[PDB]
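First, one chain by itself: the form deposited in one PDB entry, in structure tokens.
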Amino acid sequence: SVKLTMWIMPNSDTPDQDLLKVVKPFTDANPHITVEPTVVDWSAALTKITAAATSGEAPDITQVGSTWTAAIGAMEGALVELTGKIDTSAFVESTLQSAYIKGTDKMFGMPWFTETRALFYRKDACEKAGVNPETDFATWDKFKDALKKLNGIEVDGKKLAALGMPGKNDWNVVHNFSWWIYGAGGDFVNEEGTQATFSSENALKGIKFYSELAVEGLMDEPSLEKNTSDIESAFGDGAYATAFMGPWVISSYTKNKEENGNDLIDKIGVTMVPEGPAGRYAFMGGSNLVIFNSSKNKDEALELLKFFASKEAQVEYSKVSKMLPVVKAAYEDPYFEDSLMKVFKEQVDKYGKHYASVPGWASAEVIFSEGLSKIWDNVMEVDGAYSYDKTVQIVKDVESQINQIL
């Protein structure tokens, strides 16, 4: 029979089992097609996918970060063009921007799932600090005042940091700055996506406001030396009062309770990111699916992508992974009325903003990760006292690099 291979990026402790649970109805209905997933770590995925495209040794299908689709699709003869092959009228319209190469009419990926980053908070810590989560995180200024109340108060048998966020180089370095830049009134690029603009006065204002939360002692400075994975685990172990995280962590914390009784899942809530002077904006990300032009089973590969876009598969994928569907009909299922999941859906719908879907963006994220993390080294006073002037110089240099890539 036809043996389809596909690469997936992990966001759970059992990536392959989860995937096989979703595709079992497809293999049942199509007995002559089998699906075998192979996990590729996030840090290695961009290089591994790029090498697969240029060399011609690839699986049939791979997951791709939504923000990388245009970079891979723009590579001569790398991907099967999907424009006209997938019925996109059933998708959440906003999810389609990252499936195309901006400015062209060429679609090289299919939207698979969506995610955003929301504000997790500890209900018990807020009660002790006199913070009302419903209202006190609503704006930048209220958020900062709430962190001041939370900072260093003893909950149970430890002093909690008010906000825990990672600072080490991973792909989330830029994502975690994005909505602060947006909320300040700035953007990474011009409307056309051909010019970097995050050294504007407003972009710098958002960068300054967020990074100086750590200067002012409201962020756990030691956590800035760690990556997203470590902060997610630390929050699940009760280390912080608040953290901005994606919805998949809810699955981790639920499993922690089942496996050892860690009750952390029972004393957290989630609210939308605080509103800045520009209005409310949120990070919109997720992943798409692509078919390698080197595939010798392109017919079956397209059948499988269409399955992943089916309502039933979209609903089941969200339940197992906690990611958000990209297909409108999936939200008819009552599972999405859950008090935590509804926050993520409302936030990405009303306020979600995705990066420009341009071929150079994937390369830009490499530079963003290496460049913007130097801001956290400035805050940590590794090499000299903190200085906003140094942050400005870092951002100017990064902007010059990104302009050259674009």
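In this text, rigid core is short for the largest set of C-alphas that superpose within 1.5 Å between two forms. Quick note: we count residues from 1 along the sequence shown, nothing fancier.
- Looking at mean Cα B-factors across 171-179 and 299-307, the upper value is held by 299-307.
- Stretches 315-323 and 115-123 differ in mean CA B factor, with 315-323 having the higher one.
- Of the residues listed, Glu154, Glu201, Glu275, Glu232, the entry assigns the biggest Cα temperature factor to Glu154.
- Between the residues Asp237, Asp220, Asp136, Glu192, the entry's highest C-alpha temperature factor is the one at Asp220.
- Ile61 sits in the middle third of its chain by CA B factor, as recorded in the PDB entry.
- In the PDB entry, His32 places in the highest third of its chain by CA B-factor.
- When the modelled residues of the chain are ordered by their C-alpha B factor, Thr38 lands in the highest third.
- Remark: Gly73 belongs to the middle third of its chain, ranked by C-alpha B-factor as recorded.
- In the deposited entry, the Cα temperature factor of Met9 sits in the middle third of values across the chain's modelled residues.
What comes next is about the form deposited in another entry, which is not displayed.
- With the rigid core aligned between the shown form and the other one, only one of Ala74, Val215, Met272, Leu204 has a CA shift of 2 Å or more: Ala74.
- Relative to the superposed core, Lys342 undergoes a Cα shift smaller than 2 Å between the shown form and the other one.
- Relative to the superposed core, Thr88 shifts its CA atom by 2 Å or more between the shown form and the other one.
- Relative to the superposed core, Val392 undergoes a C-alpha shift smaller than 2 Å between the shown form and the other one.
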